[PDB]
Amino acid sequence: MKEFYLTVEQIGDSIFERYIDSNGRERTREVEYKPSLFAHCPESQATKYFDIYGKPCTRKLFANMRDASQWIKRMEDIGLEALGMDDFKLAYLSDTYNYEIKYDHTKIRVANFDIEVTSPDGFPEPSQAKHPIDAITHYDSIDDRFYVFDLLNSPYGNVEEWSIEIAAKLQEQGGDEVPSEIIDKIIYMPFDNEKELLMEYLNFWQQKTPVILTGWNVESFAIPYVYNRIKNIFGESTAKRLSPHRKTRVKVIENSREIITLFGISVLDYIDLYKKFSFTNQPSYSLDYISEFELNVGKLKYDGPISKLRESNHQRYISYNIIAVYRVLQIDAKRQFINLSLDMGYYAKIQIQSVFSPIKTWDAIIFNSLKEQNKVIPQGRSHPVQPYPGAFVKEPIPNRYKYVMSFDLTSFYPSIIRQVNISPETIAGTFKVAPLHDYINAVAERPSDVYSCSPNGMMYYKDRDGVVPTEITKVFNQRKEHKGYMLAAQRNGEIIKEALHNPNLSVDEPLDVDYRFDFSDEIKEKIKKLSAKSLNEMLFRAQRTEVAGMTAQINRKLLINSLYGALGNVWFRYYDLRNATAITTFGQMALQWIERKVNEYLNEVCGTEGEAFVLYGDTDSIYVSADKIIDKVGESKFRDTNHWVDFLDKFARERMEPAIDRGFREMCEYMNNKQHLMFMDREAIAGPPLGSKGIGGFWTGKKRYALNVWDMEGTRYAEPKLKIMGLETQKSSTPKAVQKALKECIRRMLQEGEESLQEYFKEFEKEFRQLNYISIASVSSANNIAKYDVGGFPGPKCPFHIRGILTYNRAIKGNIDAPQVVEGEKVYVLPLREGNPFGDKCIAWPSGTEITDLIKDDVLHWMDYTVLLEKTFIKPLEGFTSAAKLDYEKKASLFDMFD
């Protein structure tokens, strides 16, 4: 096979690389890499090197990387540009791997690990590491084995060995329910003291040195705790064995927190992968909470605090450590963020951990692209941060909206880049700008008949291929492929959901099918003959396939959109507000241009004049009122809901879209752009069920609306799905039970009508005081707690949730065991009734947890349900209903005086 790197590091004048060779074997080499950099040279000097603007350069070869760095400094002291890749690791990778890297993941050692540390005096700070590590579970992807290191003897208690027999048993048997599929993969190792455990773990680490190191909070806890514990016991030299090159770096942050860099290892903390690639915002990021959300597994159960779990139930203590490791593996099997990181890393030719940085990622992609044409990248430059304009958002008229069709553009900003040909080296000049509405209304004079233009005043060459459009197109094409798999899996899911209405009472097996492609008629025929058992399993596999496609497509979209963003970041080598503004301004034009065209077209085909069909728009999307399109045929002519949905689906696809296409083609000609790439397709078809009292949808303002959708991007839902954007139901800060209640309120409004809403509201008001306290607690991030802490009491302008944290700290003051609120993390927040013993109007505690038993009964007694209801529930419901012009309570009338 073709060789590929695993890790790369620069240590002085040496490049340390771990790699898989042509025979599939892992090797490590030290290379005294000789880097090249470039300087501008006279035009009379023949050369094959030119900067991106066509200016000749000469290559400077250096004896070592230090000499190259020193040359950069001297060139700065002179005041001349030093061109070329200044990150020598990237240059080395580009030189060593001058081809499209095809990698074998089975050869890459991916380690998942988690440690346990018993601490009687609160959280065990990794920088201090003063408590023994009494458990380590380390999963190796090559061995496919869970290596368990169990400390039997500790100053905090001596315990018996963990039993794998009891671990495998059901909880109803007094067992731990360690999943049966990993029982045979567990390698258990007990130790009679910590030093022997740690020394053995280090020897194990050397035999099976991780390339990718992951787990949950491993970067902020596990890794620095292990490193510091070993350092304090054996000394620094021994602790450095955690690095295959014996090189570590301790980066410190004083509040005393440390993040350790282990040279020769690529750490991908799964919590960071999750936060960056999952596109969620969670009320809590404990592994317990995320596992429940992602996998629908039950919360792990135990009696008493975790600080005494080992002493009381060491059996369960070890089993849960093992399970914790497995849960992350299970989450990755679903989300596949590791696969994504490897894909993007090898594509860009970067250190795998650099997938967290789209700027580093794009710098390497662009550098490799340019290097292939003997072109020389410019030197990075210092720039001041400056604001610049973005997208346009229309101000909607707050109202209900019965029938709605939405449209938006495919990969908006990257498509603008490709269409206009926006790149650092394709800039041709400028023109005099007319007001933006003059271009929107096709009144302003044509910017140029030679160059491709944006209404911000920028002109670009039409003939030349720009490196930014060239490379963004490649990644965009990957994105488009994976989205196809996602939507097909999604459409397949609905087919299965339909067949789950007539499950055949028989015994069979799920059909072997590739869910990435639309089911063939043969498959569909067989599906209508399957048992509920097989169908539900197929639905599970379809949804897993969809999530896999979702991860692949949405994060490639994120990457290309971040290339747009990078143009507006001063640390990007190709930072340029001219290009960034060219993109957003063109986008503003395009949206408001097509709003006009759509309005004009619909009035024409309907026969009316001057009526507003586009009720709302944001960035690249429009929302079209389809009431008059429906009324043109009259509701009577429709058999059922699905009939008019088919009608609108056809109408948009056969009539509106071609008109939209003509409109954008004209705009492309107007701006004399390189290639027409404004592709606007139908998104949602929304409306009430036929013959119902549902209102279909409503807007309360910008970025706040709800729609009862029947079809979304070609997916015909088995049951109508609510599309709610911005409303409190969508916010992680809104209490769980309130989200649920508000959503059902919205469902009833859009699908059933006012009377249904009023029934549900009355019921919720009566019964809500029985809801679990966690389900009705608000959530908030806890930033700058100390900033507002004046002697344990709220300082000036102390935020509500911060006030609640201070209340908590006073209540638990003097308890070294009580859970402490962590700066930057999230808290549950509850209001307290007047005269409560806590001395304040609210209290907060670490999210994802039960509040400590020290004060739990007191908090439950003094919760302010009244404030909770009015503030979190009634107030936003009032906003929904006022906009929709409805009432959630029966109003008073003259009829009230009849019996």
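Throughout, we count residues from 1 along the sequence that is shown.
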Problem set entry | Unmodelled stretch of the deposited sequence separating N296 from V297, binned as none, 1 to 3, 4 to 9 or 10 or more | none
Seminar exercise, completed: The stretch whose C-alpha atoms carry the larger average B-factor in the entry, 400-408 or 514-522, is 514-522
For this session: Higher average CA B factor in the deposited record is what I'm after, so tell me if that's 678-686 or 581-589.
Result: 678-686
Seminar exercise, completed: From the entry's CA B-factor values, the highest among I417, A499, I774, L213 is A499
For this session: Among the candidates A63, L830, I874, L37, give the one with the maximum CA B-factor reported in the record.
Result: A63
Problem set entry | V393, C-alpha B-factor rank within chain (lowest, middle or highest third) | lowest
Seminar exercise, completed: On the chain's distribution of Cα B-factors, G691 falls within the third called highest
Exercise. Sorting the chain's CA B-factors, does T734 end up in the lowest, middle or highest third?
Worked result: lowest
Seminar exercise, completed: Entry-reported C-alpha B-factor of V267 relative to its chain, by third, is lowest
For this session: Grab the CA temperature factor for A706 from the record and place it in the lowest, middle or highest third of its chain.
Result: lowest
